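**Q** This is model-v8.cif (mmCIF, C-alpha atoms and all ligand atoms).
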data_structure
loop_
_atom_site.label_atom_id
_atom_site.label_comp_id
_atom_site.auth_asym_id
_atom_site.auth_seq_id
_atom_site.Cartn_x
_atom_site.Cartn_y
_atom_site.Cartn_z
CA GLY A 2 -1.36 3.40 19.69
CA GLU A 3 -4.79 1.81 20.18
CA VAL A 4 -7.53 4.04 21.63
CA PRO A 5 -10.30 2.11 23.42
CA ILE A 6 -13.96 2.59 22.40
CA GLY A 7 -16.37 2.45 25.36
CA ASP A 8 -16.80 -0.67 27.49
CA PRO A 9 -16.55 -4.21 26.08
CA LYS A 10 -19.64 -6.46 26.04
CA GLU A 11 -19.86 -10.17 26.82
CA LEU A 12 -22.66 -12.03 25.02
CA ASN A 13 -23.40 -15.18 23.00
CA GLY A 14 -20.21 -16.80 24.34
CA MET A 15 -18.05 -13.99 22.93
CA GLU A 16 -16.22 -10.92 24.20
CA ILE A 17 -16.88 -8.01 21.85
CA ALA A 18 -14.51 -5.05 22.27
CA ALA A 19 -13.90 -2.02 20.04
CA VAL A 20 -10.71 -0.01 19.44
CA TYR A 21 -9.26 2.40 16.91
CA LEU A 22 -5.76 3.32 15.74
CA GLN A 23 -3.92 5.11 12.90
CA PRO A 24 -5.00 4.22 9.33
CA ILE A 25 -3.42 1.05 7.92
CA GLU A 26 -2.46 -0.22 4.45
CA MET A 27 -4.27 -3.47 3.57
CA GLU A 28 -3.70 -6.11 0.89
CA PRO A 29 -5.61 -7.07 -1.19
CA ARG A 30 -6.11 -3.57 -2.61
CA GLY A 31 -9.52 -2.15 -3.58
CA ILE A 32 -11.55 -3.75 -0.76
CA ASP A 33 -10.76 -1.15 1.93
CA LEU A 34 -10.51 2.66 2.03
CA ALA A 35 -6.93 3.83 1.37
CA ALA A 36 -4.75 5.02 4.26
CA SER A 37 -4.30 8.58 2.98
CA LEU A 38 -8.08 9.02 2.55
CA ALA A 39 -8.73 7.89 6.16
CA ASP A 40 -8.18 9.24 9.68
CA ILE A 41 -8.65 6.08 11.78
CA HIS A 42 -8.79 2.28 11.54
CA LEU A 43 -11.74 0.77 13.42
CA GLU A 44 -11.29 -2.75 14.85
CA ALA A 45 -13.71 -5.28 16.34
CA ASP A 46 -11.96 -7.73 18.69
CA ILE A 47 -14.28 -10.74 19.04
CA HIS A 48 -12.87 -13.74 20.95
CA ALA A 49 -14.51 -16.79 22.52
CA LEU A 50 -15.19 -16.86 26.26
CA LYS A 51 -15.04 -19.75 28.74
CA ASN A 52 -17.47 -22.58 27.91
CA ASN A 53 -18.44 -21.19 24.49
CA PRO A 54 -21.70 -22.92 23.47
CA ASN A 55 -20.56 -23.24 19.83
CA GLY A 56 -17.40 -25.16 20.78
CA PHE A 57 -14.78 -22.43 20.33
CA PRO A 58 -11.78 -22.52 22.73
CA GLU A 59 -11.23 -19.69 25.24
CA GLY A 60 -9.48 -16.74 23.58
CA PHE A 61 -9.86 -18.09 20.03
CA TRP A 62 -10.79 -15.49 17.43
CA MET A 63 -14.42 -15.86 16.35
CA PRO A 64 -14.21 -16.25 12.56
CA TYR A 65 -16.66 -15.97 9.60
CA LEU A 66 -18.84 -13.39 11.41
CA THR A 67 -20.62 -10.78 9.27
CA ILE A 68 -20.12 -7.35 10.88
CA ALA A 69 -21.75 -4.08 9.81
CA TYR A 70 -21.24 -0.85 11.79
CA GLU A 71 -23.01 2.46 12.38
CA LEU A 72 -21.01 5.48 13.60
CA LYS A 73 -23.14 8.33 14.98
CA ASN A 74 -21.80 11.71 16.10
CA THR A 75 -24.21 12.71 18.90
CA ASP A 76 -23.38 16.43 18.56
CA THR A 77 -23.47 17.10 14.80
CA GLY A 78 -26.02 14.31 14.14
CA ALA A 79 -24.02 12.83 11.25
CA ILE A 80 -24.33 9.07 10.64
CA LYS A 81 -22.35 6.72 8.38
CA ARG A 82 -22.46 2.97 7.69
CA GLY A 83 -20.07 0.33 6.40
CA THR A 84 -18.74 -3.16 7.07
CA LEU A 85 -15.79 -4.56 9.01
CA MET A 86 -13.86 -7.09 6.92
CA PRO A 87 -11.74 -9.92 8.38
CA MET A 88 -7.96 -9.41 8.27
CA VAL A 89 -4.73 -10.15 10.16
CA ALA A 90 -2.14 -7.81 11.72
CA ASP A 91 0.96 -8.24 13.94
CA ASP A 92 -1.40 -8.60 16.92
CA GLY A 93 -3.36 -11.33 15.10
CA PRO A 94 -6.68 -11.49 13.25
CA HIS A 95 -9.57 -9.05 13.66
CA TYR A 96 -12.47 -7.37 11.86
CA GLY A 97 -11.65 -3.84 10.72
CA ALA A 98 -12.00 -0.99 8.25
CA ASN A 99 -10.32 2.34 7.47
CA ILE A 100 -12.77 5.19 8.10
CA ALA A 101 -12.69 8.84 7.02
CA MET A 102 -13.44 11.13 9.98
CA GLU A 103 -12.06 14.66 9.49
CA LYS A 104 -11.37 13.75 5.83
CA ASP A 105 -15.02 12.76 5.28
CA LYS A 106 -16.13 15.23 2.60
CA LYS A 107 -19.77 15.17 3.80
CA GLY A 108 -18.66 16.76 7.09
CA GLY A 109 -19.69 16.54 10.75
CA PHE A 110 -17.34 13.63 11.49
CA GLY A 111 -14.63 15.59 13.34
CA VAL A 112 -13.64 15.63 17.02
CA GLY A 113 -16.65 15.01 19.27
CA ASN A 114 -18.89 12.57 21.13
CA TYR A 115 -19.91 9.37 19.31
CA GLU A 116 -22.08 6.26 19.39
CA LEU A 117 -20.82 3.09 17.69
CA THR A 118 -23.13 0.15 16.92
CA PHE A 119 -22.03 -3.23 15.55
CA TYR A 120 -24.46 -5.54 13.73
CA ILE A 121 -23.29 -9.15 13.98
CA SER A 122 -24.63 -12.30 12.31
CA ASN A 123 -23.45 -15.87 12.95
CA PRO A 124 -20.96 -17.85 10.81
CA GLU A 125 -23.63 -20.00 9.04
CA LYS A 126 -24.49 -16.97 6.90
CA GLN A 127 -21.05 -17.50 5.28
CA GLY A 128 -21.26 -21.33 4.95
CA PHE A 129 -19.59 -22.24 8.26
CA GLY A 130 -20.97 -25.56 9.51
CA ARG A 131 -21.28 -27.14 12.95
CA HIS A 132 -21.43 -30.69 14.32
CA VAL A 133 -24.80 -31.64 15.86
CA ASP A 134 -24.08 -35.31 16.70
CA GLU A 135 -24.32 -36.71 20.23
CA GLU A 136 -20.58 -37.11 20.85
CA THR A 137 -18.94 -34.02 19.28
CA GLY A 138 -21.94 -31.75 18.58
CA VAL A 139 -22.39 -28.12 19.66
CA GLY A 140 -25.45 -25.94 20.28
CA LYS A 141 -27.35 -23.47 18.09
CA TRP A 142 -25.78 -20.26 16.83
CA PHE A 143 -26.97 -16.86 18.01
CA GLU A 144 -29.57 -14.82 16.13
CA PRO A 145 -28.43 -11.53 14.56
CA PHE A 146 -27.77 -8.97 17.33
CA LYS A 147 -26.19 -5.58 18.06
CA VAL A 148 -23.92 -3.98 20.67
CA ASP A 149 -23.82 -0.25 21.44
CA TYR A 150 -20.71 1.72 22.46
CA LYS A 151 -20.08 5.33 23.50
CA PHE A 152 -16.73 7.08 23.07
CA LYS A 153 -15.07 10.45 22.54
CA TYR A 154 -13.11 10.89 19.31
CA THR A 155 -10.12 13.08 20.24
CA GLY A 156 -8.64 13.24 16.71
CA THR A 157 -6.49 11.27 14.25
CA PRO A 158 -3.48 9.54 15.93
CA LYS A 159 -1.26 9.11 12.80
CA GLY B 2 -13.45 -42.66 17.71
CA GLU B 3 -10.69 -40.78 15.86
CA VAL B 4 -8.03 -42.51 13.71
CA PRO B 5 -4.92 -40.48 12.76
CA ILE B 6 -3.62 -40.24 9.17
CA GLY B 7 0.18 -40.27 8.79
CA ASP B 8 2.58 -37.72 10.28
CA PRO B 9 1.60 -34.06 10.88
CA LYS B 10 3.67 -31.68 8.70
CA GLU B 11 5.22 -28.36 9.75
CA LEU B 12 5.17 -26.07 6.70
CA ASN B 13 4.64 -22.33 6.10
CA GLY B 14 4.26 -21.44 9.80
CA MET B 15 1.48 -24.03 10.24
CA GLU B 16 1.03 -27.49 11.77
CA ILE B 17 -0.95 -29.54 9.24
CA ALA B 18 -2.45 -32.84 10.42
CA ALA B 19 -5.09 -35.27 9.17
CA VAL B 20 -7.57 -37.56 10.96
CA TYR B 21 -10.88 -39.30 10.16
CA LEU B 22 -13.94 -40.16 12.28
CA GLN B 23 -17.37 -41.75 11.96
CA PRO B 24 -19.82 -39.84 9.72
CA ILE B 25 -20.84 -36.60 11.46
CA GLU B 26 -24.37 -35.22 11.30
CA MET B 27 -23.75 -31.60 10.30
CA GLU B 28 -25.74 -28.35 10.01
CA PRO B 29 -26.90 -26.43 8.08
CA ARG B 30 -28.34 -29.23 5.93
CA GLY B 31 -27.62 -29.56 2.20
CA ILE B 32 -24.11 -28.09 2.53
CA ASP B 33 -22.39 -31.47 3.09
CA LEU B 34 -22.95 -35.14 2.18
CA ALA B 35 -25.47 -36.73 4.57
CA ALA B 36 -24.17 -38.85 7.45
CA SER B 37 -26.35 -41.81 6.38
CA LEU B 38 -24.75 -41.80 2.89
CA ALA B 39 -21.14 -41.62 4.20
CA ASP B 40 -18.62 -43.99 5.84
CA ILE B 41 -16.03 -41.58 7.29
CA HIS B 42 -15.56 -37.92 8.17
CA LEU B 43 -12.19 -36.70 6.87
CA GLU B 44 -10.63 -33.88 8.91
CA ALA B 45 -7.80 -31.37 8.45
CA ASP B 46 -6.41 -29.80 11.64
CA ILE B 47 -4.42 -26.67 10.70
CA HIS B 48 -3.10 -24.33 13.43
CA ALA B 49 -0.37 -21.68 13.62
CA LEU B 50 3.13 -22.61 14.82
CA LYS B 51 5.44 -20.55 17.02
CA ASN B 52 6.66 -17.33 15.35
CA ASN B 53 4.05 -17.40 12.54
CA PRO B 54 5.14 -15.00 9.76
CA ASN B 55 1.55 -13.84 9.04
CA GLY B 56 0.72 -12.60 12.56
CA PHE B 57 -1.29 -15.57 13.87
CA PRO B 58 -0.71 -16.45 17.56
CA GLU B 59 0.71 -19.87 18.42
CA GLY B 60 -2.15 -22.40 18.56
CA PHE B 61 -4.73 -20.34 16.64
CA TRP B 62 -6.73 -22.16 13.97
CA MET B 63 -5.79 -20.84 10.51
CA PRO B 64 -9.07 -19.52 9.05
CA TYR B 65 -10.41 -18.93 5.52
CA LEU B 66 -8.12 -21.57 3.94
CA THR B 67 -9.19 -23.29 0.72
CA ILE B 68 -8.47 -27.01 1.17
CA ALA B 69 -9.01 -29.46 -1.71
CA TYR B 70 -8.32 -33.18 -1.12
CA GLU B 71 -7.46 -36.13 -3.35
CA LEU B 72 -8.13 -39.51 -1.73
CA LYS B 73 -6.56 -42.29 -3.81
CA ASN B 74 -6.58 -46.12 -3.18
CA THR B 75 -3.13 -47.40 -4.23
CA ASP B 76 -4.35 -51.02 -4.48
CA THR B 77 -7.48 -50.45 -6.61
CA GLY B 78 -6.40 -47.13 -8.18
CA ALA B 79 -9.72 -45.38 -7.53
CA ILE B 80 -9.48 -41.57 -7.16
CA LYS B 81 -11.96 -39.07 -5.71
CA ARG B 82 -11.72 -35.32 -5.11
CA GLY B 83 -13.52 -32.69 -3.06
CA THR B 84 -13.07 -29.73 -0.73
CA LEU B 85 -12.96 -29.65 3.08
CA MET B 86 -15.41 -27.00 4.30
CA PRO B 87 -14.85 -25.06 7.57
CA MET B 88 -16.88 -26.10 10.63
CA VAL B 89 -16.83 -26.28 14.44
CA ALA B 90 -17.18 -29.16 16.90
CA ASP B 91 -17.09 -29.24 20.72
CA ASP B 92 -13.25 -29.34 20.66
CA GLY B 93 -13.02 -26.34 18.30
CA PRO B 94 -13.02 -25.35 14.61
CA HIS B 95 -11.60 -27.43 11.73
CA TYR B 96 -11.91 -28.25 8.03
CA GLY B 97 -13.87 -31.45 7.35
CA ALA B 98 -16.02 -33.47 4.97
CA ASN B 99 -18.23 -36.58 5.10
CA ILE B 100 -16.97 -39.11 2.56
CA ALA B 101 -18.58 -42.26 1.17
CA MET B 102 -16.02 -45.09 1.08
CA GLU B 103 -17.53 -48.60 1.03
CA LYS B 104 -20.85 -46.93 0.19
CA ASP B 105 -19.35 -45.31 -2.95
CA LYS B 106 -20.37 -47.63 -5.78
CA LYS B 107 -18.55 -45.66 -8.52
CA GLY B 108 -15.11 -46.86 -7.37
CA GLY B 109 -13.19 -49.30 -5.20
CA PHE B 110 -12.99 -47.18 -2.06
CA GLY B 111 -13.00 -50.13 0.34
CA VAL B 112 -10.54 -51.19 3.04
CA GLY B 113 -6.90 -50.89 1.91
CA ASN B 114 -3.85 -48.66 1.44
CA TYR B 115 -4.55 -44.99 0.67
CA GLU B 116 -2.81 -41.76 -0.28
CA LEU B 117 -4.29 -38.44 0.87
CA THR B 118 -3.15 -35.09 -0.55
CA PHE B 119 -4.26 -31.67 0.69
CA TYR B 120 -3.93 -28.75 -1.74
CA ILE B 121 -3.92 -25.65 0.48
CA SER B 122 -4.25 -22.03 -0.73
CA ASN B 123 -3.86 -18.94 1.50
CA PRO B 124 -6.69 -16.93 3.17
CA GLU B 125 -6.35 -14.10 0.62
CA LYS B 126 -8.14 -16.32 -1.94
CA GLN B 127 -11.41 -15.90 0.05
CA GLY B 128 -10.95 -12.12 0.56
CA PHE B 129 -9.05 -12.25 3.86
CA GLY B 130 -6.93 -9.12 4.23
CA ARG B 131 -3.64 -8.37 5.94
CA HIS B 132 -1.92 -5.21 7.16
CA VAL B 133 1.16 -4.23 5.11
CA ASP B 134 2.22 -1.02 6.91
CA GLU B 135 5.51 -0.78 8.84
CA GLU B 136 3.95 -0.30 12.29
CA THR B 137 1.44 -3.19 12.26
CA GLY B 138 2.24 -5.19 9.09
CA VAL B 139 2.80 -8.92 8.60
CA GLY B 140 4.68 -11.09 6.11
CA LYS B 141 3.60 -12.22 2.65
CA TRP B 142 1.23 -15.20 2.32
CA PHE B 143 2.54 -18.60 1.22
CA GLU B 144 2.03 -19.79 -2.37
CA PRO B 145 -0.29 -22.78 -2.96
CA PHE B 146 1.28 -26.05 -1.75
CA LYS B 147 0.70 -29.79 -1.32
CA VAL B 148 1.03 -32.05 1.71
CA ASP B 149 1.04 -35.85 1.27
CA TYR B 150 -0.19 -38.58 3.64
CA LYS B 151 -0.06 -42.41 3.49
CA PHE B 152 -2.51 -44.42 5.62
CA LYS B 153 -4.34 -47.75 5.85
CA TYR B 154 -8.15 -47.44 5.90
CA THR B 155 -9.53 -50.03 8.35
CA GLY B 156 -13.26 -49.25 7.89
CA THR B 157 -15.91 -47.14 9.62
CA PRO B 158 -14.94 -46.52 13.30
CA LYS B 159 -17.29 -48.06 15.91
CU CU C 201 -7.39 -4.16 10.34
CU CU C 202 -16.06 -31.90 11.07
MN MN C 203 -5.69 -4.71 17.81
MN MN C 204 -9.69 -33.01 16.00
#
What do you get writing this file as structure tokens?
**A**
Amino acid sequence: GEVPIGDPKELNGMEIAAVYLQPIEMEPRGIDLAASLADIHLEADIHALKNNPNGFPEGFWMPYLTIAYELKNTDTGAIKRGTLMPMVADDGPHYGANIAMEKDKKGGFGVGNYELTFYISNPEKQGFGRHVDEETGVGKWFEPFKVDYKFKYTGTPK
Amino acid sequence: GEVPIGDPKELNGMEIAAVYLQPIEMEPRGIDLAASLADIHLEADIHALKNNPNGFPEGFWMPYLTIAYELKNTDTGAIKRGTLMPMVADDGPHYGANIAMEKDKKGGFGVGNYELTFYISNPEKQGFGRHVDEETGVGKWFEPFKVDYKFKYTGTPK
């Protein structure tokens, strides 16, 4: 029951797609918003492309990325921010977070037209190294960037 | 060059193998022992097996693992410990560390018969989440475990 969010982007040797589905229960507790307090679960699917400049195989999950998001309702004008934390599900690893939409007590996060922005920084920010030697070395990481999406939130799918 | 260390184990839905190379110049700087001060680059190749109980596709590198090593020289008795940090090379991500062997003056880490032990803890120790709902949930993480290797160190590869 995954609803697609806009069109996927291909940049910095990665494919960056967005989806959302029913809220999910995550361990460890206390890091994420609880399932009952949320309406959706946002996910960032980031996998390596062909000939990734940082040495990642095609289709491999891009790990240790630092992802912040910004969800804007174009109609009501409401904006919220958070972070997508790394986790694994039955369809493998991803970056995600439970998000309150209708249940957001501030309001203006119900059914409507939206803009989603990711803010991604490379793995070195989290202590992930890379070889730079002649034989096995890879190229420089990307500078912090962002990708914009546009989608229509049709309501909670739970 | 790349010299293999012992047999690769199949434990806890993972293929765990060990190899060592020539000292690798790594970035960012400061994070690892310098290539000029080292004699080998110890490596731990850990990927998911078929039917992984924690949702990881077959072949995928297992991320966010805490790997501590204990390299002991059975002839001389000299022990040293450290941790293998995550990094990427042109053939993909792995856990590695530059190690001083002949260049370590504090012990007898020269050519001879060695024992290598990895002490691996699950991704949840570094704040890696997992879904536990019925629809998209995965199995419980493995408890901390050891894997043992026996090899003969022949010197710096060249
Ligand atoms: Cu998730
Ligand atoms: Cu390495
Ligand atoms: Mn998914
Ligand atoms: Mn290798």
**Q** Give me the RMSD in Å over all C-alpha atoms, paired in order, after least-squares superposition of chain B onto chain A.
**A**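 Answer to one decimal place: 0.6 Å.
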**Q** List as JSON, numbers by chain the protein and nucleic acid residues near residue B:155, meaning an atom at most 12 Å away when all atoms listed in the file are counted, but skip any in the same chain fewer than 3 places from it.
**A** {"B": [3, 4, 5, 6, 21, 22, 23, 40, 41, 102, 103, 110, 111, 112, 113, 114, 115, 152, 158, 159]}
**Q** Grab the atom CA of residue B:83 to atom CA of residue B:59 distance for me, in Å with one decimal place.
**A**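 Interatomic distance here is 28.8 Å.
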**Q** Return the single residue from A:70, A:96, A:119, A:129 that is closest to chain B, with distances computed using all atoms listed in the file.
**A**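 Using all atoms listed in the file, chain B sits closest to A:129.
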**Q** Could you pull the residues within 9 Å of residue A:24, counting only C-alpha atoms, minus those fewer than 4 positions along the same chain, as JSON, numbers by chain?
**A** {"A": [35, 36, 37, 38, 39, 40, 41, 42, 43, 98, 99, 100, 157, 158, 159]}
**Q** Only C-alpha atoms, please: stretch 31-122 of chain A from the block, as an mmCIF file, in the first residue's frame.
**A**
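out.cif was written with the following content:
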data_model
loop_
_atom_site.group_PDB
_atom_site.id
_atom_site.type_symbol
_atom_site.label_atom_id
_atom_site.label_comp_id
_atom_site.auth_asym_id
_atom_site.auth_seq_id
_atom_site.Cartn_x
_atom_site.Cartn_y
_atom_site.Cartn_z
ATOM 1 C CA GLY A 31 11.375 6.807 21.522
ATOM 2 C CA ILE A 32 13.243 7.821 18.353
ATOM 3 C CA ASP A 33 10.203 7.965 16.035
ATOM 4 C CA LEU A 34 6.627 9.264 16.328
ATOM 5 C CA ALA A 35 4.251 6.509 17.508
ATOM 6 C CA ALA A 36 1.930 4.794 15.014
ATOM 7 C CA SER A 37 -1.319 5.906 16.680
ATOM 8 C CA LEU A 38 -0.187 9.565 16.703
ATOM 9 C CA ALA A 39 0.616 9.459 12.957
ATOM 10 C CA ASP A 40 -1.309 9.255 9.668
ATOM 11 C CA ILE A 41 1.478 8.269 7.232
ATOM 12 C CA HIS A 42 5.019 6.883 7.087
ATOM 13 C CA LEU A 43 7.300 8.847 4.742
ATOM 14 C CA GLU A 44 10.134 6.926 3.045
ATOM 15 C CA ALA A 45 13.183 8.006 1.042
ATOM 16 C CA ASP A 46 14.416 5.262 -1.307
ATOM 17 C CA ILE A 47 18.010 6.151 -2.219
ATOM 18 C CA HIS A 48 19.936 3.531 -4.222
ATOM 19 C CA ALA A 49 23.142 3.693 -6.263
ATOM 20 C CA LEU A 50 22.975 4.025 -10.050
ATOM 21 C CA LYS A 51 25.206 2.558 -12.762
ATOM 22 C CA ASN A 52 28.852 3.696 -12.489
ATOM 23 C CA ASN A 53 28.425 5.380 -9.088
ATOM 24 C CA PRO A 54 31.410 7.731 -8.627
ATOM 25 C CA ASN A 55 31.746 6.808 -4.927
ATOM 26 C CA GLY A 56 32.131 3.090 -5.687
ATOM 27 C CA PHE A 57 28.683 1.825 -4.673
ATOM 28 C CA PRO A 58 27.264 -1.120 -6.702
ATOM 29 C CA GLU A 59 24.140 -0.651 -8.848
ATOM 30 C CA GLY A 60 20.989 -0.952 -6.719
ATOM 31 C CA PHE A 61 22.850 -0.905 -3.383
ATOM 32 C CA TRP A 62 21.187 1.166 -0.673
ATOM 33 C CA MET A 63 23.091 4.401 -0.066
ATOM 34 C CA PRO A 64 23.877 4.314 3.674
ATOM 35 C CA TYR A 65 24.975 6.864 6.333
ATOM 36 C CA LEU A 66 23.234 9.774 4.539
ATOM 37 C CA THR A 67 21.845 12.594 6.696
ATOM 38 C CA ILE A 68 18.311 13.403 5.494
ATOM 39 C CA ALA A 69 16.106 16.280 6.680
ATOM 40 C CA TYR A 70 12.704 16.976 5.096
ATOM 41 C CA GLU A 71 10.299 19.892 4.621
ATOM 42 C CA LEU A 72 6.607 19.192 3.938
ATOM 43 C CA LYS A 73 4.661 22.182 2.604
ATOM 44 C CA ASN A 74 0.905 22.244 1.973
ATOM 45 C CA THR A 75 0.562 24.657 -0.977
ATOM 46 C CA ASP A 76 -3.107 25.417 -0.188
ATOM 47 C CA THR A 77 -3.170 26.027 3.586
ATOM 48 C CA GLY A 78 0.452 27.274 3.667
ATOM 49 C CA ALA A 79 1.409 25.054 6.620
ATOM 50 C CA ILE A 80 5.038 23.867 6.819
ATOM 51 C CA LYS A 81 6.701 21.265 9.064
ATOM 52 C CA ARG A 82 10.251 19.911 9.375
ATOM 53 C CA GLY A 83 11.895 16.755 10.673
ATOM 54 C CA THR A 84 14.462 14.095 9.827
ATOM 55 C CA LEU A 85 14.328 10.702 8.115
ATOM 56 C CA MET A 86 16.157 8.066 10.169
ATOM 57 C CA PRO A 87 17.706 4.895 8.695
ATOM 58 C CA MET A 88 15.781 1.651 9.294
ATOM 59 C CA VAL A 89 14.936 -1.724 7.736
ATOM 60 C CA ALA A 90 11.589 -3.253 6.715
ATOM 61 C CA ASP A 91 10.472 -6.406 4.844
ATOM 62 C CA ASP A 92 11.317 -4.599 1.581
ATOM 63 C CA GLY A 93 14.816 -3.787 2.891
ATOM 64 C CA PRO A 94 16.509 -0.693 4.320
ATOM 65 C CA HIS A 95 15.356 2.896 3.811
ATOM 66 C CA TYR A 96 15.210 6.348 5.421
ATOM 67 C CA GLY A 97 11.821 7.093 6.975
ATOM 68 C CA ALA A 98 9.691 8.729 9.650
ATOM 69 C CA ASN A 99 6.115 8.588 10.940
ATOM 70 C CA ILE A 100 4.390 11.921 10.311
ATOM 71 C CA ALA A 101 1.179 13.390 11.732
ATOM 72 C CA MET A 102 -1.008 14.797 8.938
ATOM 73 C CA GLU A 103 -4.699 14.990 9.927
ATOM 74 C CA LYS A 104 -3.649 14.248 13.540
ATOM 75 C CA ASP A 105 -1.246 17.219 13.558
ATOM 76 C CA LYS A 106 -2.697 19.404 16.318
ATOM 77 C CA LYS A 107 -1.382 22.625 14.699
ATOM 78 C CA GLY A 108 -3.708 22.022 11.727
ATOM 79 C CA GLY A 109 -3.594 22.628 7.969
ATOM 80 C CA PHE A 110 -1.964 19.254 7.232
ATOM 81 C CA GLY A 111 -5.055 17.441 5.909
ATOM 82 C CA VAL A 112 -5.979 16.312 2.393
ATOM 83 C CA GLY A 113 -4.535 18.654 -0.245
ATOM 84 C CA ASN A 114 -1.691 19.593 -2.581
ATOM 85 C CA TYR A 115 1.861 19.357 -1.204
ATOM 86 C CA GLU A 116 5.537 20.086 -1.835
ATOM 87 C CA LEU A 117 8.160 17.776 -0.316
ATOM 88 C CA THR A 118 11.839 18.760 -0.099
ATOM 89 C CA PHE A 119 14.677 16.487 1.051
ATOM 90 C CA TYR A 120 17.969 17.905 2.352
ATOM 91 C CA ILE A 121 20.763 15.363 1.894
ATOM 92 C CA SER A 122 24.389 15.436 3.085
#
